[PDB]
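J.: Structure for this input, please:
(7 chains)
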Amino acid sequence: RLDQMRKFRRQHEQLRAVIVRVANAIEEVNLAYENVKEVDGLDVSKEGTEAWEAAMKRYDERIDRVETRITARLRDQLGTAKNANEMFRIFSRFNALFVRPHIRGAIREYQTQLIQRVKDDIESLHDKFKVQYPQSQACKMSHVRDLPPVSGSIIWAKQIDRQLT
Amino acid sequence: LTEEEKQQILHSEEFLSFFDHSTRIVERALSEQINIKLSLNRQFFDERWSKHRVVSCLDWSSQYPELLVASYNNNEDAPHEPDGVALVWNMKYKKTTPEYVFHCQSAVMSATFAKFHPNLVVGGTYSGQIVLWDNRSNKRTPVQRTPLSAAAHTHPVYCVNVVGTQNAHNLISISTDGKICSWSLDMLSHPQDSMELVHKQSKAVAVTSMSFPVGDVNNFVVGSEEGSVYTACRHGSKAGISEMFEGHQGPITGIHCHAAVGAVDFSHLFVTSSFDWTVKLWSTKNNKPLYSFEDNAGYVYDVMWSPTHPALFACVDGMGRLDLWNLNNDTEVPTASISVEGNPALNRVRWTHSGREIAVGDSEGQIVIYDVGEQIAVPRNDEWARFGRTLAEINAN
Amino acid sequence: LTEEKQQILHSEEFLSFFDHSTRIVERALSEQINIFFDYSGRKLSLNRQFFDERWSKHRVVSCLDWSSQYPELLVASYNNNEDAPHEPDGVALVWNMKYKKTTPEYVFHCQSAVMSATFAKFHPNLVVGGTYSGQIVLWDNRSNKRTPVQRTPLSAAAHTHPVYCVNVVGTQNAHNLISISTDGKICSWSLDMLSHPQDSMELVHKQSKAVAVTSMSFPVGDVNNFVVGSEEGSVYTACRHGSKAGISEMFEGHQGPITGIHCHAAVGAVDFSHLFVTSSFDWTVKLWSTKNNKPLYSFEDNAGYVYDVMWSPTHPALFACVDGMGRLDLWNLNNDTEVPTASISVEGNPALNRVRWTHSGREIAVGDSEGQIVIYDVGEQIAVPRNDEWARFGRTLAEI
Amino acid sequence: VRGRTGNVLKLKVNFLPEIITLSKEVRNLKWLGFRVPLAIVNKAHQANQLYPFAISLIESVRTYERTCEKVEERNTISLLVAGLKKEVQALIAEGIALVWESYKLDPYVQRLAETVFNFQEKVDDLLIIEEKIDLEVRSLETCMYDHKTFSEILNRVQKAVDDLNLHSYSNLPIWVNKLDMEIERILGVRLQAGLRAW
Amino acid sequence: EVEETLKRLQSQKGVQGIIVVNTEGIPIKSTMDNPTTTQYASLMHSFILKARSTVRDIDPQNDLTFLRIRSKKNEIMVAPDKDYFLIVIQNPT
Amino acid sequence: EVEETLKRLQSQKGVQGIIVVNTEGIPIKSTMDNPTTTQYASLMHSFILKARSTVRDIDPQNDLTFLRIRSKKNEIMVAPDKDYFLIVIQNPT
Amino acid sequence: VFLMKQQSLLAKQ
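T.: Numbering: from 1, shown residues only, chains lettered A, B, ... in the order given. There you are, the coordinates:
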């Protein structure tokens, strides 16, 4: 029952964490929460079915009604950017939604675009490495800041390694 | 003063926009002037383009309300005429002439509007060929035509609508076999998400005049050719024609769900004005005919719920009768079960984008439109909730 | 004469004419249709540039600085061109934006490659300079001697390693000259005596390992707690007076080797503004604090090797970073969050070495990997009044 | 079997009046399972298993008719599309050659659709270009004292030859000669008025 | 019924100016300043009389009764009569 | 397209068809006889350009795209673009 | 499409 309370208040605060950074929905979520805080019966484990299941009976539907506006922002996920970088920024913006396999549908839709855009960037890195350190402008700049060719080469290589990972 | 070079300038394509503005401004000067319970707004009857032209569907325009694509299927009487005709009509000026004519090359079926584009019209056909109709030019011929390949648009699309707003506008073309192909509002080269739906068995599910439940999510009801209504999507693996709503008695021809909840309850319900002739109400999570209406005379084909009042509807018959029902107010009786001109099988009934107006797609050509000031958005949420509840109880006792 | 007109203007027959006029207007509009249209129909201010093939012939533009005394007459330290061994290695140059011309107003050149240069505090005739060898030079304009007149010796007491950041510090009586070579030594110098450092000590952490500095910077006010861009990570704050002088603490928030650092002043006497941003070779730029260790969001510019940052205290947050591709992606943290506000790319692909805002105003000096100086300006990005939005922003970000 | 311009005959997939009975089996074998005999079930089921590909052939034939009638309106379009049309219609003729083959039906259905869409785009594009050129022939008697138009027409035909080099056609010099005929006729009338100015 | 009629029709669909012509479009009653009302009403009067002469050049026994220019920024609805060549400066809505 | 254009516009309450005079005073389009509508459209456009000078000197941004020159018995309505001008007679019924 | 249509008819049979 306490595991349920854990997931409950964690999901609750994560909902607040996303909706606040995304008037109309705050009051809605709070009405659902306050009626749910009363239907929990102050931890009636013997009525865990009653309290928790009823809490989910109301809370699920009302918070999925909040998921409708969140779904409008799910459309906005592509509707905002053109590269997987900014799309990934807004992907990280919704850390609460990784527990809900409903966002995963549009995620599966943009899995194509995300993976191809990331492939674009990684092949761009391939092009950069293929134009190795003695050729690239990193040679002149690294030598200007007094870095040996060994050092400049290996530093540049590890930076591309870090960007790859 | 001669007209040699003048008529040859007329022969040139220099006057495309000039003839378009000539049509528009002479139609602005159409209503000649001098200086010294259904309201029945206006019947839409073009002279050449609307005669032996069976209406396909009545799609409404988001931008510039009081406009509908008078989509006409090419009837058997006009094979030599351009297969598929679509028309726009200024519903305010009271003009017996359409504002702009847009025929096609494939038999138009559920032609829609290029959303956020008054200078463009785009919609599906019998071949599933969503063709582009440019309004800036007088080219009534489709300037861009959708491919007709195997995995591409092949079957008659009776639902070619975007998902939500222009944000993630997925103009998914839902065909009579399930070949769901998404699109945008303007690109017409290759569909956005070319794919296909799957049924429990024999995937050829001839969808017919479907809708979306209130919320307007990618979940679309199915106007299946055999009853036992289904719901599916196109996005991801949700493209399964499997949520059977058994209890119907015929091919679902007219099916329109609950519109945007404004004066009634949510109630994700859809009525089925189909071949059972006794129009059945159904919720999106019912699997039972929530409420069977009056046994209509003949083949029923269309229904639509008003965007103003999202609970009432307007079902039809096969003998030309518009049975517009009130639901939160009455249960066994409709409001004004009027009889449309003559006794044909009513093809289309689609409420105006502004609401409270019934556009009855007539037999061939003409479009009798019944205006109403009675099917208003009455604030009855608990009444409609209890209506769908009690009939959601009576559906299976 | 034209039909004063009070004859048939107030009469009842003219009222009948009024009724007929209204009847004509409302009878032509008897349809009551409006004009139901039915589709009827009817920033970066790139200023001039400074360049001269007479002295920027395939060289590398080293650090820069605007006129710390005069207005808009900047200094441009260069680098040697090994393709021209007869030419001097470090040939500094200056230009005058306020005079609107093209010739490099002054030519100055020591023996070795000048790794750093800038003006002198309250010396309207002097130009200080760092070198690659380690000697600190001192040019004069009024003597017309294209050689510095006071060169720091190459003694152990002096620097025997290139000085990437040599600078004056305070005002008229509060100044000195602090040279900090990459060897790991600081040396205070008067602008008079240069044969021996006035005050000098090394720079080591708690361990006796060296601190390969690179472009240090004093904060606002010369509280002697200058931040030091080390070689890679381990950026330090370092004091000058007391036994606790030198390295205070290490904060690491990036792994690529550091290229620059900068500090700033007030919002219009609103914030403390001790914030200091850095630059590195990991393509990211982190904002730091005097009390944090791995602070505020490390703003990263992809497809570019970050080479410098400097943000004008005018408009509290307007920092400009550079790349190894020819892009000036500058931005304000109040308006944007993680994107370049009013950015621009540069002609061709010059690896932009150093950039400096024009002090007490707005423009941008641009130093490339190729000897060429570009001059941009914000123009429209004027100093926003009561611009505390950025402080609220940085604090809200700081809470996560 | 068709009689129209060019004295040629069409190619129509016979599933056009057959999809009525195919839809009949869909309704009467999915809705209630009516008394449909085994011969009808077997033949129209072998047709119903090809029903999406059959309607795709039907509509590929719709595009084929819509563009082949355009080809027969002016043989210049035929000789225009001719090279790509040779490969297009070669794959089409291979699909026409195989009769009563359930194995090679579907891939040649896709070949028919792809080649007919390629042929569709080429024929419709070249017909729109020729119709605009014909309207220009009916609308080019209002010009005088021009050389840039002469160089422009030569550059347009040079670009058309470049398009012919891109989409390598078998009857390429025939359309080159037809473009030269357009050059000589348009420049003959234009240069006649120019000679009047001379 | 002078000032109330003035405000009555000026309060319609953006009518920028309307005066029933006394003679040659110059009444003391001015809905706007001197040019827009007086000079422009006189110009519309004489030039709509020229339009009467145009139809007179087409059909001499056909004088003008009304004029209507509803376009982009105005709905000019001029009406020449026995004593007035009505002046209307309007807006499209 | 001229067939459906002129036909759907002629389908109104007395439209005599599309007859467009150019910006010169020459009937570029004429669905009727050449001399009658040529002289009518010529004089119409001459004074239409005079009316254009009038209206543009009065309303600086009035594109003459709508002009119902109502006479005692007909309205020679002009419903074109700004450059060309339609000359079609229709009684004010 | 005349020569090709005749060849296609021949291949059709």
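J.: For chain D, give me its nearest residue in chain G.
T.: When scored by C-beta to the nearest C-beta, chain G has residue G:11 as its residue closest to chain D, at 3.8 Å. Quick note: C-beta positions are derived from backbone N, CA and C, even for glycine.
J.: For chain G, give the residue positioned nearest to chain B.
T.: For chain G, C-beta to the nearest C-beta, closest residue to chain B: residue G:1, 18.6 Å.
J.: pretty sure that residue contacts residue D:67?
T.: No - Residue G:1 lies out of contact with residue D:67 (C-beta atoms under 8 Å); the separation is 9.3 Å.
J.: what about the residue of chain A found nearest chain G, helix or strand, and which?
T.: With C-beta to the nearest C-beta as the measure, residue A:112 is the residue of chain A nearest to chain G, at 39.9 Å. Assigned by DSSP states H and E, residue A:112 falls within helix A:111-130.
J.: just checking, next helix/strand downstream of that helix?
T.: Per DSSP H and E, the helix or strand that comes after helix A:111-130 is helix A:138-144.
J.: Next SSE downstream of that next one?
T.: Assignment by DSSP H and E places the next element after helix A:138-144 at helix A:149-164.
J.: what sits against the closest residue to residue E:9 other than its chain neighbours?
T.: Once flanking residues are discounted, residue E:9 sits nearest to residue E:18: 4.9 Å by C-beta to C-beta, 6 or more residues apart in numbering or on different chains. By C-beta atoms under 8 Å, 6 or more residues apart in numbering or on different chains, the residues touching residue E:18 are C:21, C:25, E:6, E:9-10, E:31, E:86-89.
J.: now, which of those residues lie within helices?
T.: C:21, C:25, E:6, E:9-10 (DSSP state H).
J.: Next, count neighbours for the residue of chain B found nearest chain A.
T.: Residue nearest to chain A within chain B: residue B:168 (3.5 Å; C-beta to the nearest C-beta). Applying other C-beta atoms under 10 Å in any protein chain shown, we find 23 residues neighbouring residue B:168.
J.: next one: residue A:6
T.: Quick note: residue A:6 (other C-beta under 10 Å) scores 10 neighbours.
J.: now residue D:112
T.: 26.
J.: And for residue D:153?
T.: Applying other C-beta under 10 Å, we find 16 residues neighbouring residue D:153.
J.: Need the nearest residue in space to it, chain neighbours excluded.
T.: That would be residue D:183: by C-beta to C-beta, 6+ apart, it lies 6.1 Å from residue D:153.
J.: where does the one you found land in three-state SS?
T.: Secondary structure, DSSP: H, G, I helix; E, B strand; the rest coil: residue D:183 is helix.
J.: Over to residue D:39?
T.: helix.
J.: Run through the residues that contact it.
T.: Neighbours of residue D:39 in contact, by C-beta under 8 Å, 6+ apart: none.
J.: Which residue does chain D have closest to chain G?
T.: In chain D, the residue that lies nearest chain G is residue D:97 (3.8 Å; C-beta to the nearest C-beta).
J.: ok, now which ones touch that residue?
T.: G:8, G:11-12.
J.: swap the cut-off to 6 Å and go again
T.: residue G:11 (C-beta atoms under 6 Å, 6 or more residues apart in numbering or on different chains).
J.: that older thread, the residue of chain G closest to chain D and residue D:95 touch, don't they?
T.: No - with contact defined as C-beta atoms under 6 Å, residue G:11 does not reach residue D:95; the gap is 9.4 Å.
J.: So if I had to pick from those two, which one is more boxed in?
T.: Legend: neighbour count by other C-beta under 10 Å for residue G:11 and residue D:95, higher for residue D:95 (25 against 15).
J.: just how off-centre is the helix or strand in which that one is found within its chain?
T.: Counting by DSSP H and E, the element that carries residue D:95 is helix D:75-97. The chain centre lies 9 Å from the centre of helix D:75-97; the measure is C-alpha atoms, centre = their mean, to the nearest Å.
J.: Flag every buried residue along it.
T.: Across helix D:75-97, burial judged by 16 or more other C-beta atoms under 10 Å in any protein chain shown covers D:75-85, D:88-89, D:91-97.
J.: and the gap between the residue of chain A closest to chain G and residue G:7?
T.: From residue A:112 over to residue G:7 the distance is 43 Å, taken as C-beta to C-beta, to the nearest Å.
J.: With residue E:1 instead?
T.: From residue E:1 to residue G:7 the distance is 89 Å (C-beta to C-beta).
J.: now swap in residue B:104 and tell me
T.: Counting by C-beta to C-beta - residue B:104 and residue G:7 are separated by 33 Å.
J.: Look at the two and report which has more neighbours.
T.: The neighbour comparison of residue B:104 against residue G:7 (other C-beta under 10 Å) goes to residue B:104, with 27 against 15.
J.: correct me, but that one touches residue B:142?
T.: Yes - in this structure residue B:104 lies within contact range of residue B:142 using C-beta under 6 Å: 5.3 Å.
J.: which neighbours do these two share?
T.: By C-beta under 6 Å, 6+ apart, residue B:104 and residue B:142 have these common neighbours: residue B:131.
J.: Get me the contact residues on chain D for chain G.
T.: Counting by C-beta under 6 Å from any C-beta of the partner chain, chain D comes close to chain G at D:8, D:68, D:71, D:89, D:93, D:96-97.
J.: which of the ones in helices among the contacts of residue E:18 lies closest to chain G?
T.: Among the ones in helices among the contacts of residue E:18, and counting by C-beta to the nearest C-beta, the member closest to chain G is residue C:25, at 64.3 Å.
J.: Show the end-to-end separation of stretch B:135-144, please.
T.: 13 Å (C-alpha to C-alpha, to the nearest Å).
J.: Now do the helix holding residue A:112 and helix A:149-164, the angle between them.
T.: 180 degrees (axes from the mean of the first three to the mean of the last three C-alpha atoms, to 10 degrees).
J.: secondary structure class for residue E:41?
T.: Under three-state DSSP, residue E:41 comes out as helix.
J.: Show the contacting residues for it.
T.: Counted by C-beta under 6 Å, 6+ apart, residue E:41 has contacts E:19, E:25, E:87.
J.: Just those: which are in strands?
T.: Residues of these located in strands (DSSP state E): E:19, E:87.
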